[PDB]
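Take a look at this single chain in structure tokens; it is the form deposited in one PDB entry.
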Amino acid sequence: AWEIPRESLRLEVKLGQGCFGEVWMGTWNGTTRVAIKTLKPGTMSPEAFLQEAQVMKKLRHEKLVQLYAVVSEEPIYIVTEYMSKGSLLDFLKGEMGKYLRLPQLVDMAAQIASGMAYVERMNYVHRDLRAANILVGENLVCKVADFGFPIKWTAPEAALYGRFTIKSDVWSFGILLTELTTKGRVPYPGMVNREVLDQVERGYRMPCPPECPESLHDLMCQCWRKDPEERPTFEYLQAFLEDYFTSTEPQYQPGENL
């Protein structure tokens, strides 16, 4: 019942492509601006698509990219709401990067934590939370996306022993916060995957990014606790971030970059 006929879709502009397929901006039923994520032929059977797509179908929150429709015959299409500004990663590195300061950045983080707070209540796990999988819309709206490893964003337990939980998502969120505060820089500068895994097992943590208030770096560090259960909830992360400039940094002053 999420199913629609293919010719309901006008694929117009190519937006990019990944290991699993492409993403197009498009038009639905001649009237509705949409995004379509195309899956490469041979990635998944129709019966196998039903089993995995249950999650994206049950999740409906204002801070997750909304699924609109599905074409579950090869090649499989996933039709979702259209986010005008692309990925948070591109946004942070682009021309807008320059002008973003802490208040905008923390507000973006709060929207994201809210999205994940919803996933948390629903008892799901994201598994691939990072700036590249957040989409930006008008008015600096950010929404979590993408439900199809990248070790630098992955919690130790999950990278090593496949222990993926909401708490491993929390760890990735902490890494996302360094992306937000460095304007999109790859975490652990200079370190390759193995060096990262070794160091993180030995207790290494990224330091406070320049101009970033120690209080926010504390939050990152809490997200990075060795012990998954010590890690804060997204409910906490969301409330902390929404309230940040009153409750936590009431005397914040603008700087050159943050």
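Heads up: residue numbers just count along the shown sequence, starting at 1. Here, rigid core means the biggest group of C-alpha atoms that superpose within 1.5 Å across both forms.
For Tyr99, the record comparison shows coordinates present in all the other entries of this protein that model its neighbours, with no third of them leaving it out. Across the other PDB entries of this protein whose models span the neighbouring residues, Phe149 goes unmodelled in a third or more. The entry models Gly148 and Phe149 with a gap of 10 or more deposited residues left without coordinates. Averaged over Cα atoms, the B-factor as recorded in the entry is higher for 49-57 than for the other of 219-227 and 49-57. A summary of the deposited B-factors shows that, of 183-191 and 67-75, the stretch with the larger mean C-alpha value is 67-75. You'll see in the entry that, of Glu242, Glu22, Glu249, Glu235, the Cα B factor peaks at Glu22. Ranked against the other modelled residues of its chain, the C-alpha B-factor of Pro210 as given in the entry falls in the middle third.
Below, we turn to the form deposited in another entry, even though it does not appear here.
Comparing C-alpha positions between the shown form and the other one after a rigid core fit, one residue in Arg60, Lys40, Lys226, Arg205 moves 2 angstroms or more. It is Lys40. Comparing the forms between the shown form and the other one, the C-alpha position of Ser87 differs by less than 2 angstroms, with the core used for superposition. Once the cores line up, the CA of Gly30 ends up 2 angstroms or more apart between the shown form and the other one. Relative to the superposed rigid core, the position of the CA of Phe245 differs between the shown form and the other one by less than 2 Å. Put simply, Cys19 and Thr178 come closer in the other entry: their C-alpha atoms are 3 Å or more nearer than in the form shown.
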